[PDB]
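Only the coordinates and a few stated rules stand behind these numbers; no lab work does. Quick reminder, even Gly has a Cβ in these numbers, built from the backbone with ideal geometry, and neighbours come from all protein chains shown.
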Amino acid sequence: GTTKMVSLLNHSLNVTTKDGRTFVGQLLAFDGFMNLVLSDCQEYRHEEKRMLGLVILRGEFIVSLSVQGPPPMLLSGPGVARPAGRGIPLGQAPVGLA
Amino acid sequence: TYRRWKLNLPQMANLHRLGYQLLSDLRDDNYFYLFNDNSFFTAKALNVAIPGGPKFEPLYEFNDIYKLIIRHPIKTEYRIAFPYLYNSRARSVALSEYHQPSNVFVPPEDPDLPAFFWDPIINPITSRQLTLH
Amino acid sequence: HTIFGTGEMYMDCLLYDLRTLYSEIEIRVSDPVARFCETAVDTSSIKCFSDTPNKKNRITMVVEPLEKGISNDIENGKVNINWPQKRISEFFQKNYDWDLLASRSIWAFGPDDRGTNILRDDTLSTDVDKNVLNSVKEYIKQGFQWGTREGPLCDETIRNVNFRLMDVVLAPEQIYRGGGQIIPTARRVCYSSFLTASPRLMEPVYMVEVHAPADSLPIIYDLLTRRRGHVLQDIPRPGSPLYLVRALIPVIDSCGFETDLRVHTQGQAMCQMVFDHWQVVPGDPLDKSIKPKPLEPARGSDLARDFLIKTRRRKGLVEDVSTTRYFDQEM
Amino acid sequence: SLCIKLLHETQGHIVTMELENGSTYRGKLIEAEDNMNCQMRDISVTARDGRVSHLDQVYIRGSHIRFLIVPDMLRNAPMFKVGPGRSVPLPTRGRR
Amino acid sequence: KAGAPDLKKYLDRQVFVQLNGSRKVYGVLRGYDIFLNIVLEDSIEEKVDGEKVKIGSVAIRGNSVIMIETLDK
RNA sequence: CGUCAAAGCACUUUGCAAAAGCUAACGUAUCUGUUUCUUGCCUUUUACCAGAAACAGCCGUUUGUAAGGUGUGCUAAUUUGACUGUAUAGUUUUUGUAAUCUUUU
């Protein structure tokens with residue numbers, strides 16, 4: 001399967017681990033064991049913070065996943081114009097009759 | 001519409017074997033050496049002519065015999081190989097493919113012995129000349 | 001504007017670039033020739049004599065040919081000037097059985113510290129006046145390494161020539177022994193010893209390694225022999241039905257040897273030429289009775305004289321080389 | 001899988017990691033594994049206490065690793081498509 | 001699977017193992033496993049006291065192992 | 001082979017567009033003409049000899065796209081793409097060494 005997991009790719013995530021710690025950052029790479037790779041990571045042990053960088057977690061260590069934010073980031077047809085004119089028709093009445 | 005065709009192996013086999021009397025027997029290309037479409041261009045440009053080949057219209061102080069060293073005349077074959085070297089004022093010339101790998105495939109004449117059978121034309125392979133570590 | 005380069009194919013691609021990439025200009029290329037070199041065959045009969053322009057110093061040295069085992073070792077880099085004198089003297093004594101005082105007395109190697117020429121001391125008065133000779137170390141080398149870079153015959157390099165400093169007459173001050181008064185006379189001593197010692201030209205040969213089928217062989221031999229060829233080895237090489245034909249050829253007589261192989265053997269038989277060796281020209285380059293004709297080629301010993309006149313003709317030197325009396329001092 | 005190849009690519013650089021033990025290790029990485037074994041040198045350990053030490057050579061078991069911390073240039077590295085019948089990611093010229 | 005680990009360079013050399021329950025052992029590395037089960041000879045405990053008891057030939061389980069060190073370069 | 005997405009499908013007729021982007025057979029084929037020059041054989045110009053450069057035609061080839069035709073299916077078949085595609089309860093991840101208590105700030 002893993003169809004849902006590809007959809008998460010390149011989003012800022014909030015990942016709770018078995019220790020209780022919570023890592024945060026974008027998701028670059030993903031596995032069948034749920035090994036996650038995360039970019040520009042920050043733990044929140046708890047009024048606390050730390051800067052790590054690139055972090056590769058195991059599957060054993062991970063508990064839950066949750067998105068913090070969204071993913072980060074016919075030329076010219078034939079037609080031609082002209083000016084005015086607005087000719088008057090001598091005849092009245094509809095197009096087909098006469 | 002009859003564009004595009006795909007032929008089985010055994011079919012192409014028969015066609016080959018039926019057409020045999022027409023199609024060639026070279027496989028190498030080295031054979032041509034001085035008989036390539038390039039060589040013949042230079043001949044035309046240098047106004048020289050090679051023996052078996054064609055011959056066209058022409059297209060188009062420092063020498064001193066006492067300064068030269070006469071050792072083996074220098075033939076026309078030599079000018080058509082290295083036109084920039086052996087020949088001066090070389091224009092409108094084409095340079096040719098210098099050598100190809102050389103094919104080492106002899107087709108099986110007697111078709112009973114298998115596909116992979118050490119042929120008697122290959123030299124034994126003995127190595128008593130060598131001195132190793 | 002004579003320009004050099006490894007061989008036919010190399011020269012083709014220069015004269016392609018300069019003709020169509022760099023300059024966009026027509027040319028009159030000449031028929032290619034080899035770069036010659038020059039050596040001594042035997043010892044000199046008459047010992048040398050030389051005077052400085054000031055006549056305060058007299059230099060004399062003997063020229064002798066080296067053994068062929070030695071010459072190769074220097075160009076490989078088995079022996080240097082930068083090593084200690086004791087390590088260098090151990091080399092010659094144990095391989096070629098030189099004397100003990102002769103082995104230590106090596107000054108410096110030939111043209112630009114590689115070319116197979118050697119300086120040496122052969123005298124006793126040097127032991128008496130040792131510190132007097134040590135003021136004249138570099139004044140000999142700067143007229144020797146510059147003076148043997150170029151040569152007597154064709155203004156070319158020299159091979160296998162030893163030098164043996166015999167007599168050295170000296171003056172009181174070191175102002176009488178100047179750079180301008182020693183160097184251009186110290187160089188003249190080499191050219192004088194050459195003419196007495198009977199010199200000859202040497203030319204390069206390169207190893208032609210042909211490949212071929214068995215049937216083509218006879219044509220290869222018949223082609224080679226006409227251009228002076230010595231087959232070193234002919235074998236059916238293993239694992240593939242081809243005969244190797246290693247060979248040697250004198251560079252002057254390999255002008256287009258490749259294209260004649262490929263023609264005559266109909267697309268079989270490839271050949272390469274890898275610089276090797278240096279082979280001496282059979283005849284003597286200084287012989288007045290030889291001169292033949294400027295149109296037809298030469299054959300035996302008469303060929304050596306032919307190259308010399310022609311080589312000097314191209315340079316713009318005196319053609320006869322009869323001005324040997326200029327460099328031979330006076331007696 | 002890509003989470004393993006990134007590891008193999010940080011061989012040579014200096015790595016930080018965390019084990020079930022509780023301690024963190026820092027050093028040059030020499031060899032890794034698909035298991036997540038490791039082989040490091042000049043390691044500078046720091047436990048829960050804060051106690052520093054030195055360990056010349058070390059082997060590990062992946063099972064015991066919680067997570068790694070890897071150099072910054074290892075985010076521009078290529079992440080390939082892999083395939084159904086291949087172990088190592090690598091780039092792929094052929095069919096698919 | 002079953003990547004036979006790179007323990008060839010530790011064979012017939014002294015070690016300083018660590019295992020589960022903060023217990024550790026010294027020994028000559030005889031043989032290893034797919035699952036990292038180990039064979040140690042001349043096995044000496046390192047008790048929490050520091051009292052070193054000689055045992056002999058011993059087979060440590062793979063699961064347990066935390067790490068494996070070298071005493072001498 | 002497996003999944004997902006798109007689409008009728010295979011075969012065919014016309015129309016309309018393109019076809020050196022980094023030195024290379026749109027065509028492993030190959031013919032005529034115009035102009036400008038050079039040489040041939042020549043005096044009637046044409047018709048020609050055989051080289052060059054510059055332009056042109058003609059016989060063909062490929063691709064995309066649009067509308068059609070025949071046969072088959074629109075209660076199906078075929079094509080086309082895309083893909084982080086495999087199954088493991090017994091030691092390195094998904095069938096747990098967990099559970100529980102207490103003290104310190």
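Worth pointing out:
- Residue, farthest from D:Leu19 (Cα to Cα), within the stretch E:18-42, restricted to residues that are touching a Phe, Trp or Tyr at 6+ places or on another chain (Cβ under 9 Å) and within 14 Å of RNA strand F (Cβ to nearest atom): E:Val39
- Selection status of B:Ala45, of a type in the set (A, V, I, L, M), surrounded by 11 or more Cβ atoms within 10 Å (Cβ to Cβ) and within 9 Å of another protein chain (Cβ to nearest Cβ): no
- The listed residue being among the charged types (D, E, K, R), surrounded by fewer than 15 Cβ atoms within 10 Å (Cβ to Cβ) and within 14 Å of chain B (Cβ to nearest Cβ), out of C:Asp234, C:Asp215: C:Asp215
- Search result, residues across the stretch C:281-303 that are surrounded by 16 or more Cβ atoms within 10 Å (Cβ to Cβ) and more than 10 Å from every other protein chain (Cβ to nearest Cβ): C:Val281, C:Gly283, C:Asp284, C:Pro285, C:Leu286, C:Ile290, C:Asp302
- Check on C:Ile252, surrounded by 18 or more Cβ atoms within 10 Å (Cβ to Cβ) and touching a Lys or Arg at 6+ places or on another chain (Cβ under 6 Å): yes
- Residue in the stretch E:39-54 that is farther than 20 Å from D:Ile65 by Cα and facing chain D (nearest Cβ under 10 Å) present: no
- Inside the stretch B:1-34, residues that are among the polar types (S, T, N, Q), farther than 17 Å from C:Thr265 by Cα and away from RNA strand F (no atom under 15 Å from the Cβ) make up a count of 4.
- Reported count of residues in the stretch B:49-74, each being more than 29 Å from C:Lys310 (Cα to Cα) and β-branched (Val, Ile, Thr), is 1.
Here is a yes/no grid of residues against (1) closer than 17 Å to D:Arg61 by Cα; (2) hydrophobic (A, V, I, L, M, F, W, C):
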| position | (1), (2) |
| --- | --- |
| E:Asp6 | yes, no |
| E:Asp12 | no, no |
| E:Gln18 | yes, no |
| E:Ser22 | yes, no |
| E:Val25 | yes, yes |
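- Contact map, the stretch C:75-90: residues that are within 19 Å of C:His277 (Cα to Cα) paired with residues that are in a loop (DSSP other than H, G, I, E, B), Cβ distance under 7 Å, separation 6+ or inter-chain. Pairs shown: C:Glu75/C:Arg114; C:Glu75/C:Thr116.
- The condition of being of a type in the set (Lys, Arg) and touching a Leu at 6+ places or on another chain (Cβ under 9 Å) holds for only one of C:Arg177, C:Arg149, C:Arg114, C:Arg187, that being C:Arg177.
- Criterion (within 16 Å of RNA strand F (Cβ to nearest atom) and not small (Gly, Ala, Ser)) met by exactly one of B:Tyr60, B:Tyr84, B:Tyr78: B:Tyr60
- One residue stands out among those in the stretch E:14-37 that are exposed (fewer than 13 other Cβ atoms within 10 Å of the Cβ) and within 11 Å of chain D (Cβ to nearest Cβ): the one that is farthest from D:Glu31 (Cα to Cα), which is E:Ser22.
- Lone qualifier among A:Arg21, A:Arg45, A:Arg58 - being within 13 Å of RNA strand F (Cβ to nearest atom) and either away from chain D (no Cβ under 12 Å) or not acidic (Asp, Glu) (or both): A:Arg58
- Some residue of the stretch B:122-132 being surrounded by 10 or more Cβ atoms within 10 Å (Cβ to Cβ) and closer than 20 Å to C:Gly7 by Cα: no
- Residue selected from the stretch B:1-35 under the condition among the small types (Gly, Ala, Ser) and farther than 26 Å from B:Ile50 by Cα, by the criterion surrounded by the fewest Cβ atoms within 10 Å (Cβ to Cβ): B:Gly19
- Scanning the stretch D:25-43 for any residue that is away from RNA strand F (no atom under 16 Å from the Cβ) and within 14 Å of chain A (Cβ to nearest Cβ) turns up at least one such residue.
- Restricting the stretch D:22-61 to residues that are acidic (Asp, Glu) and part of a strand (DSSP E or B), the residue that is farthest from E:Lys9 (Cα to Cα): D:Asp42
- Taken over the stretch D:3-19, the residue count meeting the criterion of being under 13 Å from D:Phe67 (Cβ atoms), in a helix (DSSP H, G or I) and either more than 10 Å from RNA strand F (Cβ to nearest atom) or of a type in the set (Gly, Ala, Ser) (or both) is 1.
- For the stretch B:48-82, the set of residues classified as at the interface with chain C (Cβ under 7 Å from one of its Cβ atoms) and not in a loop (DSSP other than H, G, I, E, B) consists of B:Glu77, B:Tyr78, listed by residue number.
- Of all residues in the stretch B:25-42, those satisfying the criterion of being under 14 Å from B:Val104 (Cα atoms) and more than 9 Å from every other protein chain (Cβ to nearest Cβ) are B:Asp25, B:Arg27.
- Scanning the stretch D:69-89 turns up at least one residue that is assigned to a loop (DSSP other than H, G, I, E, B), away from chain E (no Cβ under 12 Å), within 13 Å of RNA strand F (Cβ to nearest atom) and charged (D, E, K, R).
- Scanning the stretch C:123-152 for residues that are buried (at least 18 other Cβ atoms within 10 Å of the Cβ), in contact with a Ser or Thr (Cβ under 8 Å, 6 or more places away or on another chain) and outside any helix (DSSP H, G or I) yields C:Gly143, C:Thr148, C:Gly151.
- Some residue of the stretch A:36-48 being touching an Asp or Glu at 6+ places or on another chain (Cβ under 8 Å) and at positive phi: no
- For the stretch A:61-92, a tally of residues being within 13 Å of RNA strand F (Cβ to nearest atom) and small (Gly, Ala, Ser) returns 1.
- Boolean, A:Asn10 is exposed (fewer than 14 other Cβ atoms within 10 Å of the Cβ) and either within 14 Å of RNA strand F (Cβ to nearest atom) or within 14 Å of chain D (Cβ to nearest Cβ) (or both): yes
- Checking each residue in the stretch D:49-68 for being within 12 Å of chain E (Cβ to nearest Cβ) and within 16 Å of RNA strand F (Cβ to nearest atom) picks out D:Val58, D:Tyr59, D:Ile60, D:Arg61, D:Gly62, D:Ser63, D:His64, D:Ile65.
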